[PDB]
Number of protein chains: 4
Amino acid sequence: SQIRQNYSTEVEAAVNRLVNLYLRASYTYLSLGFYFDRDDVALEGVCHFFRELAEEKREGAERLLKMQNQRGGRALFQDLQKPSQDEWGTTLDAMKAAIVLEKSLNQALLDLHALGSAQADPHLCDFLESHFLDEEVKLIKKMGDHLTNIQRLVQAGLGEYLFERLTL
Amino acid sequence: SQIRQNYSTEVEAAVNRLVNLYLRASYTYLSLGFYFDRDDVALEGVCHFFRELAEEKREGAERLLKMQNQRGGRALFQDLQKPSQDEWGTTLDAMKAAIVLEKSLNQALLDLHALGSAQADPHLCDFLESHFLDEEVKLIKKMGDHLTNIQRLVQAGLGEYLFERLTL
Amino acid sequence: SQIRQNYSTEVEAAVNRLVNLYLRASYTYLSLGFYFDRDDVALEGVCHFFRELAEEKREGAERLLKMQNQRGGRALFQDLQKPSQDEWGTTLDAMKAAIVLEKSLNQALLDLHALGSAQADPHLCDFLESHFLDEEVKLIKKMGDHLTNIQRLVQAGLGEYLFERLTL
Amino acid sequence: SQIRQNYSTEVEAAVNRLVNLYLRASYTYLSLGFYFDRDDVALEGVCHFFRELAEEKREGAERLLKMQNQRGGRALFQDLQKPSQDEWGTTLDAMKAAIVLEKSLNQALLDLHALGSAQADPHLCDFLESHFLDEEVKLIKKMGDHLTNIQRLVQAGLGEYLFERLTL
Ligand SMILES: CC(C)c1cccc(C(C)C)c1O
Ligand SMILES: CC(C)c1cccc(C(C)C)c1O
C-alpha cells in the first residue's frame with residue numbers, strides 16, 4: 001500500500017480477527033434480544049438492553065474496519081459462528097453470559113494493545129485506548145452492577161419482573 | 001344493487017356474521033371493563049385495558065359495515081348475545097378469556113379470507129389483510145406477553161397490584 | 001405457543017432460513033462497502049451505496065425476526081457464511097454481483113410467498129407483500145438502471161470516476 | 001526552569017527539530033499553492049488544497065512551540081530551507097510530492113514518540129497521540145485516495161480538469 005507506514009502484518013491480522021469477534025458479539029446480542037421478545041419470555045426492557053448492545057458491537061466492528069483501511073491494511077472476513085445458545089434462560093443467566101462475552105472482548109483488546117506496544121505502533125495504541133478500552137470498562141461495570149441487583153432480587157419471578165420494570 | 005360486482009352472497013352473509021362477532025366482542029369487553037371498576041375489584045389499569053378494547057372492536061364492526069355498503073351488500077343485524085360470564089375473576093382469568101375471544105375472532109377472519117380466495121374476491125382479501133389480520137396478530141402477541149408477566153407474578157395479591165401499576 | 005395460530009412449521013423454518021439469507025446479504029454488502037473504501041480503490045459514492053444496503057438488509061432480517069415472534073414461531077440462528085469474494089473488482093463487477101444477490105433474495109421471498117399461499121397463511125402473504133416484495137422490485141430496477149449507465153460509460157477509468165461523482 | 005519536570009534535553013532538542021520540519025512543510029505547501037495559481041497552470045481547487053495544508057502545518061508548529069514552553073523547554077529556531085522544487089508539474093506530480101512530505105513528517109512523529117517512550121515521558125506521548133498521529137494518518141489516507149483517483153483519470157488534460165472540478 002502507498003500509504004502503509006509502521007503497520008505490521010501481525011497487527012493487520014489481529015485487527016481482522018477482532019472484527020470477527022465484534023461481529024460475533026453483535027450476533028450473540030441479536031439472539032439474546034429476540035429471545036426476550038418471545039411471548040413466553042416477554043421482558044421488553046431486557047430485549048431492549050441486548051438489542052442496543054448488538055448495535056454498539058456492530059458499530060465497533062465498523063470502526064475497526066475503517067481504521068484498517070486508514071492504515072493501509074486489507075479487511076478479510078471469515079464465517080461468523082452462530083451464538084453459543086439458542087435459548088438464554090433467565091435474565092440472570094443472560095447477564096452472566098453477557099459479562100463472559102464482554103470480558104473476552106476486553107481481553108482481545110488488551111492482547112492487541114500489547115501487540116501494538118511490542119511493534120512500537122502508537123497510533124494503534126491510541127486508537128484502542130480512545131475508542132474501545134474505556135467503553136469496555138464502563139460496560140463491564142454496568143453489567144456487574146446489574147448482576148448484583150438481579151441476584152439481590154431472586155420469589156424469583158417477582159424479582160425478574162421488578163428488575164425489568166424499575167432498572168431497565 | 002347497481003354497484004354490486006364480484007361480491008358473492010356467501011361473502012355478504014359471512015360479513016354480516018362477522019359484524020355480529022365483533023359487536024359481541026365489544027360487549028364482552030364492556031363487561032370486563034366495568035367488572036374491574038367494581039369497588040371490590042378496583043384495578044383501574046385493567047378496567048382501562050378492556051374499555052379500550054371494547055372501543056376497538058366496535059370500530060372494527062363499523063369498518064365492516066361500511067365495506068358491506070361499499071360493495072353493494074345489505075347489512076342484517078341479529079340479537080347480540082350477552083357475555084359468557086357476569087363476574088370475571090382475577091386479572092389472569094380475564095386475560096385468558098380475552099385471548100380465547102381474540103383467537104376466535106382471528107379464526108373467523110381467516111375463514112372469511114379463505115372464502116374470499118375461493119370466490120376470487122381480491123378486494124375482500126385485501127380489505128381483511130389491510131385492516132384486521134395484522135391488528136389481530138399484534139393484539140394476540142400483546143395479550144400473550146401480558147399473560148406471561150401475570151403468571152410470573154403469582155403472593156398473588158401483590159403480583160396482581162404490581163402488574164396493574166407497572167405494566168397497565 | 002399460547003398465541004400460535006395458523007402458522008405452520010414449514011413457514012417457521014423457511015422464515016429462519018430467510019433471516020440467514022438477509023444477514024448473509026448484509027455481510028456481503030459490508031464487504032463490498034469497505035472494499036470501495038480502500039486507498040487503492042477510493043470510490044466514496046460506491047462505498048456509501050453498499051454500506052446503505054448493508055443497513056437495509058440487516059433491518060429486513062430484524063423485521064422478519066420480529067414477525068417470527070409475533071406469530072409464535074421460534075428464531076433459530078445458523079453460522080453466517082463469509083461473502084463469496086474478498087476483492088470485488090470494478091464498480092461494474094460489484095453492481096453485477098449485487099443484482100445477482102438481490103435476485104436470489106427476491107426468489108427466496110417469492111418461494112416463501114408460494115409456501116404461505118399453499119399453507120393458506122394470509123398474514124404471511126400480506127407481510128411479505130407489504131414489507132419486502134415491492135422493496136426488492138424497486139431496488140432491482142435501480143441496480144439495473146445503474147448497470148446500464150456504468151456500461152455506457154466504459155476510457156474505463158474516466159467512466160468509473162464520472163459515475164461515482166455524478167450518479168452516486 | 002522552575003517548572004521543568006521529567007522533560008529530557010533529548011526530547012527538547014527533538015521538539016525543536018520537529019518545529020523546523022513543520023515550518024518547512026508549511027513553506028513547501030505555500031509554494032505548491034501559488035504554483036497552481038499561475039495563469040499557465042490555473043487549477044484553483046488544487047491551489048486551495050495546498051494553501052489549506054500550509055495553514056495546518058503552521059498551526060502544528062505553533063502547537064509544538066506552545067508545548068515546548070508548557071514543559072519548560074526553550075524554543076530554538078533554525079534557518080528554514082526553501083522547498084525542493086520551484087515548479088511542481090502536474091496535479092499527479094504534486095500529490096506524489098505531498099505524500100512523500102507527509103510520510104516524512106509522520107516518521108519524525110513516530111521517532112519522537114519512541115524517544116518519549118524510551119525517556120518515560122508520558123505527557124509527550126499523549127500530546128503526540130492526541131494532536132498529531134491521528135491527523136497524519138487521516139491526511140495520508142486522503143492523499144492516497146486522491147492519488148488513486150488522479151491515476152484513474154490519466155486524455156490527461158481532461159482528467160486533470162475533471163479532478164479539480166469534481167473532487168477538489
Ligand atoms: C448488528 C447485528 C444485528 C448483526 C448480527 C450479525 C451480523 C451482522 C452483520 C455482519 C450482517 C449484524 O449487523
Ligand atoms: C354494547 C356495544 C357493543 C354496542 C352494541 C350495539 C351498538 C353499539 C353502537 C354504539 C355502535 C354498541 O356500542
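Labels below follow one simple rule: chain letters A, B, ... track the order of the sequence lines, proteins then strands, and each chain is numbered from 1. Ligands are counted one by one from 1 in listed order, and the atoms in each one are counted from 1 as well.
With A/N69 contributing its side chain and A/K66 its backbone, the two residues share no donor-acceptor pair below 3.5 Å. Judged by distance alone, with hydrogens and angles left aside, the side-chain atoms of A/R51 form no donor-acceptor pair with the main-chain N or O of A/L30 at under 3.5 Å.
A donor-acceptor pair shorter than 3.5 Å cannot be found between the side chains of B/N106 and B/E102. A/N16 and A/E12 share no donor-acceptor pair across their side chains, judged by distance under 3.5 Å alone.
For ligand 2, the 4.0 Å heavy-atom shell contains residues B/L23, B/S26, B/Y27, B/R58, B/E62, B/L80.
Of the residues listed (A/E55, A/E62, A/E56), the one engaging A/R58 in a side-chain hydrogen bond (donor to acceptor under 3.5 Å, both in side chains) is A/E62, and it is the only one.
The aromatic rings of A/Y22 and A/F132 lie perpendicular to each other, with more than 60° between the two planes, well past the 30° mark.
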